[PDB]
Amino acid sequence: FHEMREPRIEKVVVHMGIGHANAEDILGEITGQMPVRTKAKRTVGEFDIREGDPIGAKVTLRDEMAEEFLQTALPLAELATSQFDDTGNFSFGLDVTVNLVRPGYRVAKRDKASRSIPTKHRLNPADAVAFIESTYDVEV
Amino acid sequence: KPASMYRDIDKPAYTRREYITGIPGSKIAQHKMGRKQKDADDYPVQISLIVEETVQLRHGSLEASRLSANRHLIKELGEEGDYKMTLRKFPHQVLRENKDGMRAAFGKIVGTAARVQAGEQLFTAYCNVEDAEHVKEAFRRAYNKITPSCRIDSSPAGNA
Amino acid sequence: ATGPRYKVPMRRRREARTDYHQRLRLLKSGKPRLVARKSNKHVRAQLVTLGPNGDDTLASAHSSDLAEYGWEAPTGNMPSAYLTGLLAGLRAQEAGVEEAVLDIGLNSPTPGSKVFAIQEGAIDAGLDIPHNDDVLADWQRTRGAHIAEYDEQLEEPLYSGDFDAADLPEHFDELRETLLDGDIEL
Amino acid sequence: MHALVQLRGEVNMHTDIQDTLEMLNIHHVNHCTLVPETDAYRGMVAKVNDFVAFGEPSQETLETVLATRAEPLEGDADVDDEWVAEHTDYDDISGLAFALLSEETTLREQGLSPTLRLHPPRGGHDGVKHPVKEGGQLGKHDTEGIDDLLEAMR
Amino acid sequence: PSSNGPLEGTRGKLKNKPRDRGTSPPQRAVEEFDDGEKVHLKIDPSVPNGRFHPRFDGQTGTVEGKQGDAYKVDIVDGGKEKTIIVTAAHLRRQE
RNA sequence: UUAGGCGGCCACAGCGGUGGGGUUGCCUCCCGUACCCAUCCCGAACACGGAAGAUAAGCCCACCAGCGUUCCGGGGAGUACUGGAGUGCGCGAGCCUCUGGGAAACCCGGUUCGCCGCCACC
RNA sequence: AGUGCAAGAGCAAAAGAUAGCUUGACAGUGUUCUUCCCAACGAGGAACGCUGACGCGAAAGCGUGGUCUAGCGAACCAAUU
RNA sequence: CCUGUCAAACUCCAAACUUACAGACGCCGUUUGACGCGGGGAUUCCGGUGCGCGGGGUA
Ligand SMILES: [Cl-]
Ligand SMILES: [Cl-]
Ligand SMILES: [Mg+2]
Ligand SMILES: [Mg+2]
Ligand SMILES: [Mg+2]
Ligand SMILES: [Mg+2]
Ligand SMILES: [Mg+2]
Ligand SMILES: [Mg+2]
Ligand SMILES: [Mg+2]
Ligand SMILES: [Mg+2]
Ligand SMILES: [Mg+2]
Ligand code: NA
Ligand code: NA
Ligand code: NA
Ligand code: NA
Ligand code: NA
Ligand code: NA
């Protein structure tokens with residue numbers, strides 16, 4: 010009952026919202047895998063008219079690549095309460131977001147018969163704080 | 001101009017403001033009068049003015065008859081008497097006037124009016140049993156300022 | 001859901017099981033559909049035709065009823081797929097069916113995939129189906145050579161149950177051979 | 001089985017109404033026909049409802065009118081019991097009448113003109129501007145009502 | 001009319017009630033008819049192709065062969081005979 | 001159908017919710033990247049290979065009507081509107097009678113938490 | 001929301017978006033509807049075929065320009081293939 | 001929540017009614033040949049009124 014209910018890190022996305035790059039360099043070095051250009055929709059007076067055009071980069075980490083990153087990332091942030099998502103996700107920080135979920139998320143991410151995860155099976159802030167807090171650090 | 005020019009409901013319904021422009025503002029000062037903070041259910045007596053013929057009443061008449069009626073109440077039951085009268089109809093029908112002779116005669120916008128079906132209640136007042144004769148007089152004055160003949164109908168009030 | 005004006009997808013679209021846009025281009029041929037479906041453990045192949053109250057299945061084959069002929073290995077891989085296609089293809093032939101168009105449902109047209117395998121099989125059973133040879137996997141991978149050579153990087157059995165250690169794509173040959181043979185009770 | 005009688009002329013009456021009166025074999029004022037009571041026929045008489053007088057006649061009444069105004073498909077031949085017998089599947093007028101009322105046969109199947117060309121109503125009718133429920137003479141009638149009319153147009 | 005195009009005055013007949021909105025089921029789009037078959041004509045608001053002139057919505061013709069995948073349906077406009085090229089999506093069997 | 005595949009009708013099937021169900025069986029989640037194949041970066045997905053674990057998701061089964069929907073009863077209502085007729089009424093706007101049709105809102109109470117077809121299958 | 005532009009209509013594993021490839025905005029010749037309801041009338045328009053050659057796709061298939069209804073012009077003469 | 005009104009270019013609804021095709025009855029046609037086909041000859045393209053439904057207009 011528990012085994013297929015206990016949280017896990019599905020992905021940790023680390024991106025730098027610049028606005029016009036050289037940044038990709040450090041991300042690859044801090045994460046362990048290639049970066050990703052980040053374009054933008056709509057035009058802004060902030061000389062940011064070019065719809066499609068580099069502006070930032072990101073990296074989606076999974077499995078060890080994500081843990082080995084948190085084993086040093088987390089230690090550099092004072093996790094708080096309000097810093098948590100309604101689904102048990104939290105973003106701190128250079129941006130570093132952590133997506134937490136239960137063992138059957140693939141049901142909502144696969145192509146065939148895909149379905150959305152029932153709320154009861156959804157993660158909660160508490161359940162999130164718990165899992166994480168239970169891994170070398172403190173909550174609030 | 002005479003109401004003889006607009007009292008009949010023979011033209012199409014003409015109310016779509018997304019297609020009509022330059023509609024004159026309504027002269028109707030207010031629809032809810034008396035003590036509008038109180039409820040109509042807080043009164044024992046409820047009398048309404050009922051239009052006996054389906055017609056069109058221009059905003060100028062509604063105001064005139066509403067005014068002459070409420071003004072009476074205010075005068076008899078003081079500026080803050082225990083009562084509340086309501087004008088339930090709003091002048092949605094836009095009016096034209098062709099003011111070339113019959114050439115390109117679609118008239119220009121000159122006003123608004125409310126279409127009232129016979130049997131409907133134009134006004135509805137609410138008072139205590141000791142004011143019925145005043146609200147009845149207010150209504151009498153009001154129906155002298157609109158085209159149709161009307162009934163001063165007493166609804167909740169078996170205190171006769 | 002929300003109001004009288006709300007639009008609810010066709011049931012099989014809510015279920016995310018049928019792609020009606022592809023279903024249409026597919027039905028246009030006028031030929032029976034060779035439905036190729038997968039499971040985590042199994043592979044299915046059906047020959048479907050249009051009917052007054054829903055589709056009619058004229059012949060099918062499931063990777064499981066493959067054992068009914070000697071298959072003693074897993075039933076959700078390439079050799080398994082190909083064979084399930086050939087089997088369904090043979091029954092189809094028996095049913096008077098001669099041609100069909102490959103319907104892979106919500107699966108991806110990835111080169112060398114199992115659906116194209118189910119396709120190569122049905123085709124070999126003698127069924128004419130619009131196809132493209134170089135989108136099919138090379139003969140060896142259909143046999144199971146990719147899995148055998150994988151067990152070479154052994155150190156530990158690729159198969160838990162006791163079905164050899166280095167596996168046998170020969171079993172594939174022996175099975176195919178069995179189906180091609182005129183006898184075999186379809 | 002109802003008895004149809006045109007009481008209002010063709011001038012100014014709708015064509016589709018006039019064509020119905022003709023499909024019911026009536027082409028003149030004061031002419032009468034005997035029509036079965038079917039869904040189809042009901043539709044037709046309802047449509048003609050305002051220029052006709054109709055209802056179910058009494059066996060007797062029918063007999064009187066048949067004897068007095070029935071005609072062969074051709075010729076002046078008077079339709080009397082003998083005629084009726086020597087030409088129809090019946091022995092007399094009452095036999096025929098009964099058949100008509102019970103919608104077992106039609107004036108045609110017996111070689112009779114489908115129309116009873118009646119005479120103007122002795123004493124006059126109740127007016128062609130109002131229906132029966134209003135003192136008029138138009139529309140559906142009681143057997144006692146139709147009878148009076150038919151017998152007066154004897 | 002203020003203009004005389006094909007879709008003139010077809011706001012109603014060429015629009016779906018909110019719930020019938022969205023792609024139509026493929027079944028009737030592939031139905032097969034045989035010559036002599038009486039078929040009702042009615043454009044499906046959701047299906048662009050294979051339509052006929054809106055004036056003919058409501059007609060009940062007689063299938064008489066086909067052209068490509070579309071059918072050739074015979075009807076009578078008023079008193080004039082016409083042949084309409086229409087696909088199954090916009091047809092229904094009579095009775 | 002002790003959990004499957006393809007559908008038809010496309011909400012009576014939607015939204016929300018409760019209970020139940022799986023040792024070599026089924027569907028899954030699940031385990032895992034040498035390969036076919038794959039991510040503008042991630043075996044997440046897609047694809048491939050596989051069974052240590054699980055029934056918590058999904059799914060299947062039984063059920064709840066609060067919302068949305070379908071239909072029915074009673075009431076609203078033979079009201080509103082209306083095809084045909086009138087030397088009926090009304091200054092008139094308009095109304096009325098006869099004949100043939102006949103709503104909508106809303107309320108109260110029932111119904112509906114899908115139906116059916118082909119194939120496969122302890 | 002978006003879908004070039006009126007208005008009305010169509011569209012969600014798309015008709016929208018992004019990416020990539022591509023030139024079917026192809027030649028020839030028809031059927032049918034429209035222009036012109038019914039009911040004769042040209043240019044123009046559209047729908048739907050076929051022959052030939054191609055593009056894309058695993059394939060069914062899609063592409064006879066733009067999601068649909070506006071964006072058009074006779075004879076004589078000239079230039080052009 | 002409670003409370004007051006509307007729509008030619010609004011619609012969750014929705015008639016009467018008009019309309020395609022078919023069957024049935026009726027009526028009509030098979031010496032009065034209908035339905036349809038081909039051909040000759042026109043006149044006509046200032047209309048008006050009542051009723052129902054209208055759009056414009058104070059009328
Ligand atoms: Cl599948
Ligand atoms: Cl057409
Ligand atoms: Mg004679
Ligand atoms: Mg006399
Ligand atoms: Mg008289
Ligand atoms: Mg309209
Ligand atoms: Mg459970
Ligand atoms: Mg197009
Ligand atoms: Mg010239
Ligand atoms: Mg030139
Ligand atoms: Mg009409
Ligand atoms: Na880029
Ligand atoms: Na002028
Ligand atoms: Na007055
Ligand atoms: Na649709
Ligand atoms: Na489960
Ligand atoms: Na042309």
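Residue numbers (the deposited numbering), protein chains in the order written: chain D, 10 to 29, 35 to 107, 128 to 174; chain H, 1 to 99, 111 to 171; chain N, 1 to 186; chain W, 1 to 154; chain Q, 1 to 95. No residue lacks a Cβ here, since even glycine has one placed at the ideal position from N, Cα and C.
I'd like the span of the alpha helix (DSSP H) that includes residue i, first residue to last.
{"i": "residue 149 (chain W)", "result": "143-152"}
{"i": "residue 121 (chain N)", "result": "114-124"}
{"i": "residue 22 (chain N)", "result": "20-27"}
{"i": "residue 15 (chain W)", "result": "15-23"}
{"i": "residue 172 (chain N)", "result": "169-180"}
{"i": "residue 141 (chain N)", "result": "139-143"}
From residue i to residue j, what distance separates their C-alpha atoms?
{"i": "residue 13 (chain Q)", "j": "residue 30 (chain W)", "result": "49 Å"}
{"i": "residue 95 (chain H)", "j": "residue 13 (chain W)", "result": "41 Å"}
{"i": "residue 151 (chain H)", "j": "residue 69 (chain H)", "result": "8 Å"}
{"i": "residue 60 (chain W)", "j": "residue 18 (chain W)", "result": "30 Å"}
{"i": "residue 32 (chain H)", "j": "residue 3 (chain N)", "result": "34 Å"}
{"i": "residue 273 (chain N)", "j": "residue 141 (chain N)", "result": "Here chain N comprises residues numbered 1 to 186, so residue 273 (chain N) is not present and cannot be evaluated."}
{"i": "residue 39 (chain N)", "j": "residue 66 (chain N)", "result": "15 Å"}
{"i": "residue 141 (chain D)", "j": "residue 35 (chain N)", "result": "23 Å"}
{"i": "residue 20 (chain N)", "j": "residue 28 (chain D)", "result": "42 Å"}
{"i": "residue 87 (chain H)", "j": "residue 62 (chain H)", "result": "8 Å"}
{"i": "residue 108 (chain N)", "j": "residue 131 (chain N)", "result": "15 Å"}
{"i": "residue 41 (chain N)", "j": "residue 166 (chain N)", "result": "20 Å"}
{"i": "residue 51 (chain N)", "j": "residue 139 (chain N)", "result": "36 Å"}
{"i": "residue 26 (chain W)", "j": "residue 83 (chain W)", "result": "24 Å"}
{"i": "residue 135 (chain W)", "j": "residue 119 (chain W)", "result": "22 Å"}
{"i": "residue 157 (chain D)", "j": "residue 174 (chain D)", "result": "18 Å"}
Check the DSSP bridge columns for residue i and list the partner residues they point to.
{"i": "residue 85 (chain H)", "result": "H:136"}
{"i": "residue 128 (chain N)", "result": "N:99"}
{"i": "residue 125 (chain H)", "result": "H:57"}
{"i": "residue 115 (chain W)", "result": "W:33"}
Chain D partners of residue i, CB-CB under 9 Å?
{"i": "residue 106 (chain N)", "result": "145, 146, 147"}
I need the boundaries of the beta strand (DSSP E) containing residue i, first residue and last residue.
{"i": "residue 166 (chain D)", "result": "First-last for residue 166 (chain D): 159-167, but that is the alpha helix (DSSP H), not the beta strand (DSSP E)."}
{"i": "residue 71 (chain Q)", "result": "70-77"}
{"i": "residue 20 (chain D)", "result": "17-26"}
{"i": "residue 49 (chain H)", "result": "45-51"}
Please list the partners that residue i has in chain N, where partner means a Cβ-to-Cβ separation under 7 Å.
{"i": "residue 21 (chain Q)", "result": "7"}
{"i": "residue 18 (chain Q)", "result": "5, 7"}
Helix, strand or coil for residue i? Go by DSSP, reduced to three states.
{"i": "residue 94 (chain W)", "result": "helix"}
{"i": "residue 36 (chain Q)", "result": "coil"}
{"i": "residue 129 (chain D)", "result": "strand"}
{"i": "residue 66 (chain H)", "result": "helix"}
{"i": "residue 62 (chain N)", "result": "strand"}
{"i": "residue 90 (chain H)", "result": "coil"}
{"i": "residue 56 (chain H)", "result": "strand"}
{"i": "residue 143 (chain D)", "result": "helix"}
{"i": "residue 27 (chain Q)", "result": "coil"}
{"i": "residue 78 (chain W)", "result": "coil"}
Please list, in chain order, the chain Q residues whose beta carbon lies closer than 8 Å to that of residue i.
{"i": "residue 23 (chain N)", "result": "26"}
{"i": "residue 102 (chain N)", "result": "Going along chain Q, no residue has its Cβ under 8 Å from residue 102 (chain N), so there is no contact; the nearest lies around 17 Å."}
{"i": "residue 20 (chain N)", "result": "23, 25, 26"}
Against residue i, what residues of chain D qualify as contacts under a CB-to-CB distance less than 8 Å, listed in chain order?
{"i": "residue 17 (chain N)", "result": "146, 147"}
Interface residues of chain N around residue i at Cβ under 9 Å?
{"i": "residue 30 (chain Q)", "result": "24, 27, 28, 30, 50"}
Taking C-beta pairs closer than 7 Å, name the residues in chain Q that residue i reaches, listed in chain order.
{"i": "residue 78 (chain N)", "result": "Under the 7 Å cutoff, chain Q gives no residues; its nearest Cβ is about 32 Å from residue 78 (chain N)."}
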